[PDB]
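Below you will find one chain, with nothing else, as structure tokens; this is the form deposited in one PDB entry, and questions on how it binds or moves follow later.
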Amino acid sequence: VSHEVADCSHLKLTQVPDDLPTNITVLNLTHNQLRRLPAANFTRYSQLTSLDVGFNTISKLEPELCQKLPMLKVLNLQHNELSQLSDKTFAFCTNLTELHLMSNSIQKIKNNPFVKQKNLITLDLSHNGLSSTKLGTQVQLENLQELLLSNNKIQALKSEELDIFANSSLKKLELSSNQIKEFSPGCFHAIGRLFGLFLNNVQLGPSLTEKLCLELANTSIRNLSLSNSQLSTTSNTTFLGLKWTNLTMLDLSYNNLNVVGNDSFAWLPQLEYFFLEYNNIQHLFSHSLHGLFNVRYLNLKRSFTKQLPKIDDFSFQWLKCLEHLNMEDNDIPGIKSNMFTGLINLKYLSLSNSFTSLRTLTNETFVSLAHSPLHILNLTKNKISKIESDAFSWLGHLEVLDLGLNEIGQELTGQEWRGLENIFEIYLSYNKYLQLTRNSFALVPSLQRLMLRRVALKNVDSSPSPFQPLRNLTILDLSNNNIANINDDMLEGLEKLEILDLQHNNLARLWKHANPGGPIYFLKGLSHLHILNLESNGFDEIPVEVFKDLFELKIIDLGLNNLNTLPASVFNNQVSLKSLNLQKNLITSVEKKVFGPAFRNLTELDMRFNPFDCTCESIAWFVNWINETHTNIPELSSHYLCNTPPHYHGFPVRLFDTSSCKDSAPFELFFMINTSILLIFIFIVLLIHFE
């Protein structure tokens, strides 16, 4: 409650507490009913550095408050009622560093109240009601860096109100959500150094954008955010003055960019980050992105219209240093032959749900990426159904490829993966169907991860292993496919496979002893196996020598099965077991002979919804181990119950007493000693009598 902080939020306090220890330095009086801040009641506290009285209702701030707090650096007045501000509020206190005055109904500034804080770095007057950006009458705020004046009623910007920042560096000037309709000449030049400029949700338009762009002449602006500015159409004269700057970031999002004229960004030679997400581009012209030979990050997510956008050839020829191109969530009709030509420094391309109907993938699809060292390719939700041969031969440096969340339905003959020498990840989950083949993954020996979740995989029961050439495979996922024919010669040589998921299948009849040939052994050879999952398959029997080579097995999952009895000596090789999941099973007894080495160093155990028999002979050691241990069992008091006998039906296992069993009191030793002494006494008395 009180560990170097004063947590008083959601506790409803009217006055400041006077019982907290004097070693405190951070307060938090949010969501309370603080009305006044008397300086006399704060005489006990002097080492304060952080003050928070936000989300309250204070009329005026006591001016002599900060005098007894010489170390105060953070001061928060969020959602308070200080309309008028006086000069004597912060006069003899200069160690202040932050100032939050959000939501205060401040109307206007009279005479430089923010003048005696030489250490002020962050100042915020947002959510207020200021109609002018004048905060002083002379040079002040020498070290101010962030000035947040957003959510105000500022109508126009003038240099006569910004001349107070002539000896400062405004790293961020938050003027978002305003009604700026006029830019007086030389207004932005009154500040010494202007770095950030945030005008979001401000009604500008083409004329206002051109005036703002030409006003920023000879300025050291680095970031410029114009998101939600309703910029419909741009021309080559809009960003005219930007050639006299060193701008490296530009945010033109949520403006519904209908038409983008040619050479609209020709005056941005040093721009590095360009944002164009969420717009309404009708036709991307040929010479639109001209002059952007330095941008290394482009965001075109939802940049085009829904339901069709037109894209001409050689549309990205000038993006030389483009290292990140994101065009997901769009409606491009198809990939042309010269669409992505001119991308020499690309290393990432995301095309998630970017095409209307991209059905077949021929060998001439990604020809524009022949001279592009792509590393991560994302192709999801594109309704891909067929992949022809040599479809990825132009991508030699491709490492992470993804074709998931599609309707891919074809027989993987292995000819589609040609040209992928440096392929590392392939994601093919959530598809229609893929039929394996002897040489399906023979052309990708450098593979390390393969996901096949919910594909209904078939043709896997071949005489050779389809994953045999995958000697470097580490993670394999063959779950949610309803497979029922697995051979033992399927996972040989994959001694570096660490994660293997095989849930939601039909591997029940394969581990049984009543099938022809005997129980299958498909977990052999995997030495570096770490994660295992066999949830929801209906298992009934488990072999004894199946967990032989599973030395480094850390986490396993056998839940949602029909297990009732486990054979002995089946966890002896689990020398590094950490987790166990046997929930939704029919386990009745928990004995030392089959849960011996499993409960040695187990971390998190899960056996929920299991019908244990409330008998001492079956769960005596189980209850004794739950009594004292370090393994945490979540939801144990309301989900670990008994079914039989009916006298203990619906009773938690935690209330089971193990003080009444065949091993509670040593009556066996008593029986032995009593029988022995009785027999010896009878023999000796008969010997004495008979003599």
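Sequential numbering from 1, following the sequence displayed. Take the two forms, find the largest set of C-alpha atoms that superpose within 1.5 Å, and that set is the rigid core.
The form deposited in another entry exists for this protein as well; it is not shown, and the discussion that follows is about that form.
- Item | Residue among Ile556, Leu436, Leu173, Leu85 with C-alpha shift of 2 Å or more between the shown form and the other one, core superposed | After core superposition, the single residue displaced by 2 Å or more is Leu85.
- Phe42: Cα shift of 2 Å or greater between the shown form and the other one (core-aligned): Yes, its C-alpha moves 2 Å or more.
- Note yes or no: does the Cα of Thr233 move by 2 Å or more between the shown form and the other one after the core is superposed? Superposed on the core, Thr233 moves its C-alpha less than 2 Å between the shown form and the other one.
- Large Cα shift (2 Å or above) at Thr57 between the shown form and the other one, core-fitted: Indeed, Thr57 is displaced by 2 Å or more.
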